[PDB]
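The chain below stands alone and is given as structure tokens, in the form solved without the ligand.
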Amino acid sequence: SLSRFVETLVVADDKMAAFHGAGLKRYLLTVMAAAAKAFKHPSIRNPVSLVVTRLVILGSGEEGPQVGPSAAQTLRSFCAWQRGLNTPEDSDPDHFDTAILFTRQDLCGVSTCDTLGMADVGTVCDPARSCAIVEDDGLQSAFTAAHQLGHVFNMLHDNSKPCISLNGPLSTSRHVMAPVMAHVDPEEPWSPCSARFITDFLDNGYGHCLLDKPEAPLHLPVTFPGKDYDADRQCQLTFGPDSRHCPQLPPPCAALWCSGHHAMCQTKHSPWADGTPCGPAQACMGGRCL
């Protein structure tokens, strides 16, 4: 089976910078790594290799895309912007196959949105339309990412009419292309339905532009995200610099609860990052302490 490469542009926005500071590039790489690990899983049934060839960080001095107010607007804004950066032929190292915008603007509290982001379906090799938006809110934005790129590869939600047929009645929502905020089974990240829709896409020659290998991609961390950022840090990434992990809430791994201000524990209900210590000889995998 012919091996694919997705030459990804990554764009961090004006507010993503304020939030992450110097820690940004590393953060963004840690997330992208994590998305890339999902596309590399045998469950997708295709040798797809997610790869960052460019990374751009804006100001505040750098006239970027007009992000906000909505998610639908942000995507049309981004996709028109991102083109001024691309090149005519996939022969120039600067040519990228798809683009992703991470923003820390609350779009999904003012506007409708897919998970915490948006994308069109089946666009991988259309430079005018191959692009995505993700609202960042922690390491788990690596799955928001994959879900949106999934759509880029012509995937649909696992609760659509076509997907019920293929996944079977006893299907769970523990996969990347589930319409809810996901808790992806890492033994089986992609469902049968997602596995098929991509196969058909690539087989019908829609991934013709993913065949060239980029000469110099950015290095992606090979350590777990829970080792790179501990529980407190992960909490800090979701909610703010003052947020500490509330470990006391059972079961370990299933939900990252973080402190806030009397005093409280809050949650976005997305698991602890994979490889967070949760026991003496234990770390978390897919929201469980194994």
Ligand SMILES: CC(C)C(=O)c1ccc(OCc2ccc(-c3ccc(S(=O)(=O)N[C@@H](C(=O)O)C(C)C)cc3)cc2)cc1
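When you see a residue number, it is the position in the sequence shown, counting from 1. Shifts are known only where both forms have a C-alpha. For the two forms, the rigid core is made up of the largest set of C-alpha atoms that agree within 1.5 Å on superposition.
The next section is about a form of this same protein that is not shown, the form deposited with the ligand bound.
**Q** Using the site C-alpha superposition to carry the ligand over in the entry with it bound, what's the verdict for this chain: open, or blocked with 3+ ligand atoms inside 2.4 Å of backbone or C-beta?
**A** After C-alpha superposition the pocket is blocked.
**Q** Find out whether any non-hydrogen atom of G150 is located within 4.5 angstroms of the ligand in the entry with it bound, and reply yes or no.
**A** Outside the cut-off, so no.
**Q** Even though the partner isn't displayed, in the entry with it bound is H157 close enough to the ligand, meaning a heavy atom within 4.5 Å?
**A** Heavy-atom contact with the ligand at 4.5 Å: present for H157.
**Q** Verify the contact flag for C163: yes if a non-hydrogen atom of it lies within 4.5 Å of a non-hydrogen atom of the ligand in the entry with it bound, no if not.
**A** Contact check for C163: no, nothing within 4.5 Å of the ligand in the entry with it bound.
**Q** Would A38 sit within 4.5 Å of the ligand in the entry with it bound, counting heavy atoms only?
**A** Yes, contact at 4.5 Å.
**Q** Only one of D137, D126, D114, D106 has a non-hydrogen atom within 4.5 angstroms of the ligand in the entry with it bound; which is it?
**A** Checked against the cut-off, the match is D114.
**Q** Only one of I44, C253, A34, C258 gets a heavy atom within 4.5 Å of the ligand in the entry with it bound. Which one?
**A** Of the listed residues, the single hit is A34.
**Q** Just one stretch in 79-87, 198-206, 93-101, 169-177 has heavy atoms within 4.5 Å of the ligand in the entry with it bound, so which one is it?
**A** So the stretch in question is 169-177.
**Q** Shifts of 2 Å or more in the Cα, rigid core superposed between the shown form and the other one, apply to only one of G109, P88, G205, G84; name it.
**A** Meeting the 2 Å or more criterion is only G109.
**Q** Mind checking the CA-CA distance of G109 and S130 in the entry with it bound? It differs by 3 Å or more from this form, so is it closer or farther?
**A** Here the pair is farther apart than in the entry with it bound; there, closer.
**Q** Given a change of 3 Å or more, say if the Cα atoms of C113 and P127 sit closer or farther in the entry with it bound than in this form.
**A** Compared with the shown chain, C113-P127 is farther in the entry with it bound.
**Q** Provide the ranges, sorted by sequence, of consecutive runs with at least 3 residues in which each Cα shifts 2 Å or more between the shown form and the other one, based on a superposition on the core.
**A** Run 108-115 stands out as the only one displaced between the shown form and the other one - at least 3 residues long.
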